[PDB]
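For reference, the structure is listed below as structure tokens.
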Amino acid sequence: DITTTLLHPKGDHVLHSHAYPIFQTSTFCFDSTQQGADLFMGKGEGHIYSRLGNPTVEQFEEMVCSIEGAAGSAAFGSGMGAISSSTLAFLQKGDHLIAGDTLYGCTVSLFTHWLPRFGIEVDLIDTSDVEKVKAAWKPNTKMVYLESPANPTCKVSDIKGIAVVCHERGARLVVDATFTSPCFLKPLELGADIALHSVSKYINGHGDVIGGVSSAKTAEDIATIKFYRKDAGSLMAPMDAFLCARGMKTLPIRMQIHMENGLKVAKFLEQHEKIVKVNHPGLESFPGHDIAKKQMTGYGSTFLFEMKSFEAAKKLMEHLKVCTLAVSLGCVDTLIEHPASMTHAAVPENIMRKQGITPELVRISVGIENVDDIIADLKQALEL
Amino acid sequence: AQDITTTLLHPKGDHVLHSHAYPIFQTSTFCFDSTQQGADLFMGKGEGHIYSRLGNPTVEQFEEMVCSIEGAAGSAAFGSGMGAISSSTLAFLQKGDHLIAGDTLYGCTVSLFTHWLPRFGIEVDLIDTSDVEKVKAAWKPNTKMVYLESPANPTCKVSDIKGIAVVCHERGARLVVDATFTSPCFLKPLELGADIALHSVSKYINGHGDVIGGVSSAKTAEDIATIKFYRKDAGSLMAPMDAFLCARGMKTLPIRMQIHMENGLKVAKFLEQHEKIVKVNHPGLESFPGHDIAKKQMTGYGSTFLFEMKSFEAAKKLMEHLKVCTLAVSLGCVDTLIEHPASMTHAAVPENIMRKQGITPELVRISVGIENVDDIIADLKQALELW
Amino acid sequence: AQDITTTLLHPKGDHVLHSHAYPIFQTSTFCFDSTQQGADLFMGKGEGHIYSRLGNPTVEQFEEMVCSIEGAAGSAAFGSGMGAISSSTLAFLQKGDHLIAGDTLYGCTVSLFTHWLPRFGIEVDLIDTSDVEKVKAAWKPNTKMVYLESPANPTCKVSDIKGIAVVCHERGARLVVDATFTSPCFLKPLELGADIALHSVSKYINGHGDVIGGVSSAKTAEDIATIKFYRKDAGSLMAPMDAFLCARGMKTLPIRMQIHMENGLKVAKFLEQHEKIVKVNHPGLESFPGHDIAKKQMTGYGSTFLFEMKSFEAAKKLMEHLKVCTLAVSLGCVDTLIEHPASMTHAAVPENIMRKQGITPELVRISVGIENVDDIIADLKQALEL
Amino acid sequence: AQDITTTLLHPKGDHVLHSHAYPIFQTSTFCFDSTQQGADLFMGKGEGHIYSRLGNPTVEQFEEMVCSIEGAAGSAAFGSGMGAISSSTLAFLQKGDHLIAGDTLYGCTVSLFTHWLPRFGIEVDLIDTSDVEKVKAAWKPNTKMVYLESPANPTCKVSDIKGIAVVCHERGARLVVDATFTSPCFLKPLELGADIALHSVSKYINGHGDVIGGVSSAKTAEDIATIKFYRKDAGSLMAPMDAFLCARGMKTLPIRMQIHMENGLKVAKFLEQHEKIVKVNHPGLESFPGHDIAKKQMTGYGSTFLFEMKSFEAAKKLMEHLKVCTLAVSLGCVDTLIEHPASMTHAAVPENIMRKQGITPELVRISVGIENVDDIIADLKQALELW
Ligand SMILES: CSC/C=C(/NCc1c(COP(=O)(O)O)cnc(C)c1O)C(=O)O
Ligand SMILES: CSC/C=C(/NCc1c(COP(=O)(O)O)cnc(C)c1O)C(=O)O
Ligand SMILES: CSC/C=C(/NCc1c(COP(=O)(O)O)cnc(C)c1O)C(=O)O
Ligand SMILES: CSC/C=C(/NCc1c(COP(=O)(O)O)cnc(C)c1O)C(=O)O
């Protein structure tokens, strides 16, 4: 499985060290003027300066590249860095971008405030309906950007169907697969051109690092992305790369538990009288379950449910003993959040409506704690 | 008036669990007491933390240190100098705006302004900013920003920061200054009229050659908020461990700069009088054009500068036979570094910009560290005197 | 009751500035509010910190996690397993005391007990602790301690911890158990009657091969205070960064141990039926001597064990033609390690005491990781055909 | 001869993958090429690594830096000063041996020597080592070691290291010196005849208040090997991250020490002439007994020293009303620290030893940092002149 691959990354040992060393350095020495000059022209093997390339970071990049099935991967200081670099490395004044209508808050901010200032046209549309994508299409359409399942509502898009449109019509497909991890969703295997993650979430999974990663189908696209990163400057620190690579060693095993724990918690919620509705892609009752079972080999453990009022969401969120009230997701312990007033508080009213985000919704990110302990925590909070 | 050495060693803030050194907050998220307290923090109400991309205690401590020396309204830390530069320009410039920038700049700044900005509909002109009249002649109705690096990397070309600020202030343009080469001990652009002062922290501020990072400081609370708003979406963050290391390096910044300044002037004078050396571009030498501007507008000099050999082969022979100096890119480290701009830091600069910058194969750039200055001069002398 | 997985993920204690992950207190010293407040802390009242050698918040968080799983009065972290062992024995033993220790121990423990303790006037007997009557027969009027490893490094020899604890309780001696090889998920010596339980945290507890450290946990508040008092003067400290890494590694200990156990078991059964293998020393095999004791005293098994090849040449051929397993010392890492005890971990052990622990040039020690077992079996299988 | 500043910035050793900063080997174990190569390293021949308890590259780099300044045959790093002290004594002393140690020592060293060593059959006398005749009078046929701290913590009592060395050399005893208070910039006990020189690295060497560590250096390959043999079984290891930080702190050791030495002397003179101050114990003052010995045997002074107020109440009022100085134990940090030995560092010292040390409630110990010395003096002055 994917576990052996992750624990046995390709490459040589450094001074026979079993654990890969942390290259906490800015610069590298040259043997001669020519050797230094050659590296600047991309000939020969070696390093120049950590913003161009750091061995500890490259090891992390290789690990993600191996499970994505990519030509190459680039690490960043945050998911937002991956997202900016995977879009603005390509899009320019006069170009048009189609993006999902329901996206992580700060992605809405990027697509909605910054891109138009740089002369990029952006439409947000319901990407669960492939014909809706075809109708928004323009002659200057250069990219489609998807998040599936979406944050926070878990709305599922047909990545593979959109990928066909993109191939035929000459556009890049970018997919944020943060919510599912590369164990369960491999967008490049579905026709996508770029797959990206907030490493801050599942990939690292220990709640102690912010980082991003972007993987490209072609060698030319990852070189462009890295060229942008050189100038935009969102870098993963060597220490964070050591921590991310370390976290990734247990990724396959953690995902297995996240997925099963998640399925079980959602079912407890779906059949509980105080719960109106549960948005989890693995449920038969959820719209897009068929597409998601087809296009993914498993599910993340972050999902959303509806209470009967705002008072009751507040009641539940503030009387839990095990779950922690905090933003973020995909950590080893359980997190709980209120999107309307937190993660998606800054999202414009009209995008708020079309997304379906209301004060009645509560988002949970189920950890790898014993499931029954998680359920008993939710139980006492709901029933008391 | 308390000395800068004392200020850096005693930054404002409450201790955390009485810890003498400020802890490393290696965390992504923060817990809320209640939905309301968390809701409130999201709308800027109250004091506290949400998520490290928005604000991390260890990073904020480093920001406060830099803010206190720049004399700013606030500072923002980044994953690299280039993150600070992108976020200090593109947070304000939009399609249809015009930027005037110096014609001699760090190579990747040239890349950013010359490849990326035009793609975003931003008009850019690279101008000799050592002549205020050339800046005025380049001005247009839509000019919104002037960006300077002075002394410039790598030729040390000096721009009249005060003189250019007057023009920005009269015409509604922001003045942004990259002061990396001098450090905030010696060059404080906010006191000269700049709106934004920024640094690659990777050089002098950290000083120890073991971190890549950036910082930008704004005169106005609104401009720093805009910068951090851009940083939130562009995602160039300083990691907590890197902030801890940068704050630690900065504790010795004033005494390191004092030694760098003195060492670099002595090495530049030795080189200036050596038979093998054609000329020396250090802004503290009386022979240097713009020495008079540099001495009025700065309070000292960094120790990174450039000199001319008689040939490319003489430069290669020198660079490769040093035992104290290290052949490598970067600068501002405690130990002495040396490099060849034409084929290294500036090799990717388009040909017309590189000849406008005056960069040729005979030039060598040296970044003098805090080693004993006589050991540095002896290392250079032996190499210059080779069979 | 709350499951161990949940307990490790939700340790007791206040958050620091609302930080979700516990901060790394990379500091030597702490500030006082007042002379009295500083003087009061030095007298042990009430709450706070002075200096990291005395107590560091990051390190104490890790200590609390181990203490919670051991069921102890308290825990102390060290710079290495050898620091935990040294501090758990010499904190109590003095000139004229006598120590009974298992005859099969980690090589450096042998070095401690055999070279250093006798120089400090402490008498030491290495005896076969798998037979409780031999423990009784070695007993002396000055016996103050029994030290056990079970299963032993590297042969996996099992001792009757429960039976020996009764004798220790009867005769007024402390029982100290190194449970490194099994982890506190599966072996809990303090439940068995031991007074002190210790681990090289370098192995499973951290489990990522990137930290050296030790921990010792005591039944009584007085004993853990004595251990810490010794640590204050001896100076084997866990660094704040290493404590951050050990706490973090420990968050997945329960699920890692589960895979290590199942993985190890299957590899061991593969080897036991392979015609190039004379015997497998895995305590979870029905064949192995003292399996009966190990099944009763432990709730699982570690993934490190030993097995015999036909010759030294064959052992050499195995270890040098593997593609997935790594030739290296240590154990309990996420990936598979392989080692040759006679010329490595136990090379320094005196021939005399080496003879009677039954370690020969034909023995090979394997530490099974959390890789897919099928891949580990294939690696072994391919190499057993050259 | 190359300056110590240059030596510390250019340590011998190969670069690792051309990295300018030495990497952090956050690893427990190392891979072997073959059964033979692994077996050989345990023997041990020739070059390479096994397991970080036996040797770690990052830690070994820090060890070489110390070894080069001490002029030793080798150095060993530890998890704490106490770790270095335990391993520099108990690696050699066994049951039946006799140790002579100073009567004024760091409190936890008194604890080690008076509680733990006797439990191991080692005979210990604490002696006034400021008088070589008292040392000779305490000598017995089984004396194997003399252990000194000079200037002593906290009273700065000076011992004649050179005089005592002559006696150790003639009689077959090892001389062990704890030079923490002075740093290896100013005191090199191996040049004065000591067999072992050690430090709490937690103080000046690291200098930044953010690590606990120890180091010990021996004049002979055999002695450093025995120390490392002891270390491997006692298990007091320096962590890879802590070694990276100590090596980084030590890059500025010579310049920090120069500023500490001058600041401390100026603060001691200010205090000495102040009406509130009864006495000042700084070995650089001509009024101090043993000033003549310190001057001859050291090439400078650390900046930690003690002074006498008129009362406990006056000491407390001083300590609690400082804005620059920080109230906390420890010393040798870049910022100034202040402490009350009687109730803090030396509170657990048996009262027997407390009075031969001369430690009273009127004494305050100050560790003067590298802040501007006028800011430090103004902070003391304002607190001394309080209503
Ligand atoms: C301030 S709110 C906490 C952050 C949350 N998510 C982030 C996120 C990013 C961006 O990733 P960073 O830049 O690493 O945070 C990208 N893509 C997706 C699907 C995401 O969910 C959150 O709690 O929903
Ligand atoms: C590959 S070459 C090494 C880098 C060099 N300089 C960097 C630099 C930056 C950018 O700062 P980071 O992003 O922190 O590197 C910004 N501003 C200025 C005046 C700079 O000199 C160099 O060796 O000249
Ligand atoms: C160079 S040999 C590698 C080390 C091995 N183990 C060590 C060990 C320790 C000591 O713990 P540290 O001090 O953390 O190593 C204590 N107790 C037990 C049961 C052990 O196995 C080894 O591979 O057998
Ligand atoms: C709990 S009190 C704070 C510690 C202080 N000093 C320490 C010290 C050590 C021991 O070094 P570590 O083990 O690194 O602390 C050794 N040798 C000497 C001359 C020392 O001064 C103190 O504030 O006086």
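So the protein sequences, as listed, match chains D, A, B and C. Residues 1505 to 1888 (PDB author numbering) make up the first sequence, in order. Residues 3 to 389 (PDB author numbering) make up the second sequence, in order. Residues 503 to 888 (PDB author numbering) make up the third sequence, in order. Residues 1003 to 1389 (PDB author numbering) make up the fourth sequence, in order. C-beta: ideal position from N, C-alpha, C; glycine also.
> Are the beta-carbon atoms belonging to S738(B) and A1086(C) less than 8 Å from one another?
Replying inline: Looking up residue 738(B) in the third sequence gives position 236. Looking up residue 1086(C) in the fourth sequence gives position 84. Cβ atoms of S738(B) and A1086(C): not closer than 8 Å.
> Cβ of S704(B) within 7 Å of any heavy atom in ligand 3?
Replying inline: As a position in the third sequence, residue 704(B) is number 202, starting the count at 1. For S704(B), the CB falls within less than 7 Å of some heavy atom of ligand 3.
> Which bits of chain D does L511(B) rub up against, with CB to CB less than 8 Å?
Replying inline: By one-based count along the third sequence, residue 511(B) stands at place 9. Neighbours of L511(B) on chain D, chain order: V1836, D1837, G1871, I1872, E1873.
> Taking the continuous alpha helix (DSSP H) assigned at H793(B), which residues delimit it?
Replying inline: Sequence index remark: in the third sequence, residue 793(B) carries index 291 (1-based). Taken as a continuous stretch (DSSP letters only), the alpha helix (DSSP H) holding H793(B) covers 793-799.
>> Is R555(B) near ligand 4 - that is, is its Cβ less than 7 Å away from at least one heavy atom of it?
In response: Along the third sequence, read from residue 1 onward, the residue named residue 555(B) stands at position 53. The answer is yes for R555(B).
> Just how far apart, CA to CA, sit residue 444(B) and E572(B)?
Replying inline: Because chain B is modelled from 503 through 888, residue 444(B) falls outside the range shown and cannot be assessed.
> Cα separation between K721(B) and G674(B)?
Replying inline: On the third sequence, position 219 is the one that residue 721(B) refers to. On the third sequence, position 172 is the one that residue 674(B) refers to. If you take the alpha carbons of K721(B) and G674(B), they lie about 15 Å apart.
>> Can you check which of these residues, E777(B), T754(B), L614(B), is closest to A603(B) by C-alpha distance?
In response: The residue labelled residue 603(B) in the question sits at position 101 within the third sequence. The shortest Cα separation from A603(B) among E777(B), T754(B), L614(B) belongs to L614(B).
>> For a cutoff of 8 Å on Cβ pairs, would you count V331(A) as touching chain D?
In response: In the second sequence, counting from the first residue as 1, residue 331(A) sits at position 329. Answer yes: the Cβ-Cβ gap between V331(A) and chain D drops below 8 Å somewhere.
> Can you tell which of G802(B), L829(B), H776(B) has its C-alpha closest to the C-alpha of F809(B)?
Replying inline: Working through the third sequence from its first residue, we reach residue 809(B) at position 307. Closest option to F809(B), Cα to Cα, is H776(B).
> Does the beta carbon of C1533(D) come closer than 8 Å to any beta carbon on chain C?
Replying inline: Start at 1 with the first residue of the first sequence, and residue 1533(D) comes out as number 29. Answer yes: the Cβ-Cβ gap between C1533(D) and chain C drops below 8 Å somewhere.
>> Could you check whether the Cβ of residue 1890(D) sits closer than 7 Å to any heavy atom belonging to ligand 2?
In response: As displayed, chain D neither begins before 1505 nor continues past 1888, which places residue 1890(D) out of reach and without an answer.
> Between which two residues does the beta strand (DSSP E) harbouring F80(A) extend?
Replying inline: Locating residue 80(A) in the second sequence gives position 78, counting from the first residue. Following the DSSP letters along the chain, one finds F80(A) inside the beta strand (DSSP E) bounded by residues 76-80.
>> Counting only Cβ pairs nearer than 9 Å, list the residues of chain D close to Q884(B).
In response: On the third sequence, position 382 is the one that residue 884(B) refers to. In chain order: nothing, as chain D lies at least about 14 Å away.
> Relative to chain D, which residues along the region 1245-1259 of chain C have a C-beta separation below 9 Å, given in chain order?
Replying inline: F1246
>> Taking 7 Å as the cut-off, is the beta-carbon of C1110(C) closer than that to any non-hydrogen atom of ligand 4?
In response: The sequence position of residue 1110(C) within the fourth sequence is 108, counting from 1. Taken from the Cβ of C1110(C), at least one heavy atom of ligand 4 lies inside 7 Å.
>> For ligand 4, I want to know if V1331(C) counts as a neighbour, meaning its beta carbon is within less than 7 Å of at least one of the ligand's heavy atoms.
In response: Numbered from 1 along the fourth sequence, position 329 holds the residue referred to as residue 1331(C). At least one heavy atom of ligand 4 is nearer than 7 Å to the Cβ of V1331(C), so yes.
> When you compare each of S30(A), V68(A), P59(A), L19(A) to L11(A) by their alpha carbons, which one comes out closest?
Replying inline: On the second sequence, position 9 is the one that residue 11(A) refers to. Nearest C-alpha to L11(A): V68(A).
> CB of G540(B) to nearest heavy atom of ligand 4: below 7 Å?
Replying inline: Here residue 540(B) is taken as the residue at index 38 of the third sequence, counted from 1. Result no, Cβ not under 7 Å from ligand 4.
>> Tell me which residue opens and which closes the alpha helix (DSSP H) that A1736(D) is part of.
In response: Within the first sequence, numbered from 1, the residue matching residue 1736(D) stands at position 232. Taken as a continuous stretch (DSSP letters only), the alpha helix (DSSP H) holding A1736(D) covers 1723-1736.
> What distance in whole Å lies between the Cβ atoms of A1885(D) and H1823(D), which are believed to be in contact at a cut-off of 8 Å?
Replying inline: Here residue 1823(D) corresponds to residue number 319 of the first sequence, with the count starting at 1. Here residue 1885(D) corresponds to residue number 381 of the first sequence, with the count starting at 1. Their Cβ separation, rounded to whole angstroms, is 5 Å, which keeps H1823(D) and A1885(D) in contact under 8 Å.
> Could one say the Cβ of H1517(D) lies closer than 8 Å to chain C's Cβ atoms, at least one of them?
Replying inline: Looking up residue 1517(D) in the first sequence gives position 13. Yes - at least one Cβ of chain C is within 8 Å of the one on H1517(D).
> Between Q1260(C), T1007(C), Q1038(C), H1022(C), which lies nearest to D212(A) when the distance is taken from Cα to Cα?
Replying inline: For the purposes of this step, residue 212(A) is taken as residue 210 along the second sequence, with counting starting at 1. The candidate whose alpha carbon is nearest that of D212(A) is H1022(C).
>> Whether or not the region 1625-1636 of chain D and the region 248-266 of chain A are in contact is what I'm after, with contact meaning three or more pairs of Cβ atoms, one per stretch, closer than 8 Å; do they touch?
In response: no
> Taking just the CA atoms, how far does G76(A) sit from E66(A)?
Replying inline: Along the second sequence, read from residue 1 onward, the residue named residue 66(A) stands at position 64. Along the second sequence, read from residue 1 onward, the residue named residue 76(A) stands at position 74. Spanning the two alpha carbons is a distance of roughly 7 Å.
> Which whole-angstrom value is the C-beta distance of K1642(D) and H1600(D), which I expect to be below 8 Å?
Replying inline: As a working note, residue 1642(D) is residue 138 in the first sequence. As a working note, residue 1600(D) is residue 96 in the first sequence. With 8 Å as the limit, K1642(D) and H1600(D) qualify as a contact, their Cβ atoms being about 5 Å apart.
>> For the pair the region 1779-1797 of chain D and the region 1842-1854 of chain D, tell me if three or more CB-CB distances fall below 8 Å.
In response: Look at the beta carbons and you see the region 1779-1797 of chain D not touching the region 1842-1854 of chain D: under three pairs across the two are nearer than 8 Å.
>> Which same chain residues end up closer than 8 Å to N144(A) when comparing Cβ atoms and leaving out the 5 residues on each side of it in sequence?
In response: Along the second sequence, read from residue 1 onward, the residue named residue 144(A) stands at position 142. Hits under 8 Å: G98, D99, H100, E125.
> If you compare alpha carbons, which of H17(A), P25(A), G48(A), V18(A) is closest to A245(A)?
Replying inline: What you label residue 245(A) is simply residue 243 of the second sequence in a count that begins at 1. With distances taken between Cα atoms, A245(A) lies closest to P25(A).
>> So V1831(D) and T60(A) are supposed to be a Cβ contact under 8 Å. How far apart are they, rounded?
In response: Start at 1 with the first residue of the first sequence, and residue 1831(D) comes out as number 327. Start at 1 with the first residue of the second sequence, and residue 60(A) comes out as number 58. No, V1831(D) and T60(A) are not in contact; Cβ-Cβ is about 19 Å, not under 8 Å.
> Using the beta-carbon of each residue, which ones in chain D are nearer than 7 Å to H1020(C)?
Replying inline: Here residue 1020(C) corresponds to residue number 18 of the fourth sequence, with the count starting at 1. Here the neighbours are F1532, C1533, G1550, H1551.
>> Tell me which residues share the same chain as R867(B) and place their Cβ nearer than 6 Å to its Cβ, disregarding the 5 neighbours each side in the sequence.
In response: Along the third sequence, one-based indexing puts residue 867(B) at 365. Excluding positions up to five away in sequence, the list reads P656, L808, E841, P843.
>> Cβ closer than 8 Å: which chain A residues qualify as neighbours of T722(B)?
In response: Taking the first residue of the third sequence as position 1, residue 722(B) is located at position 220. Within 8 Å Cβ-Cβ: nothing; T722(B) doesn't reach chain A, min ~28 Å.
> Can you find at least 3 beta carbon pairs, one from the region 1764-1772 of chain D and one from the region 1790-1807 of chain D, that sit closer than 8 Å?
Replying inline: The count of Cβ pairs closer than 8 Å, one atom from the region 1764-1772 of chain D and one from the region 1790-1807 of chain D, reaches three, so the stretches are in contact.
> Would you call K1514(D) buried or exposed, if buried means 16 or more other Cβ atoms sit within 10 Å of its Cβ?
Replying inline: As a working note, residue 1514(D) is residue 10 in the first sequence. With fewer than 16 neighbouring CB atoms inside 10 Å of its own CB, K1514(D) falls in the exposed class.
>> Residues in the same chain with beta-carbon distance under 7 Å from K1734(D), minus the five sequence neighbours each way, listed in chain order, please.
In response: Residue numbering aside, residue 1734(D) sits at position 230 when the first sequence is read from its first letter. Result list for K1734(D): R1555, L1556, in chain order.
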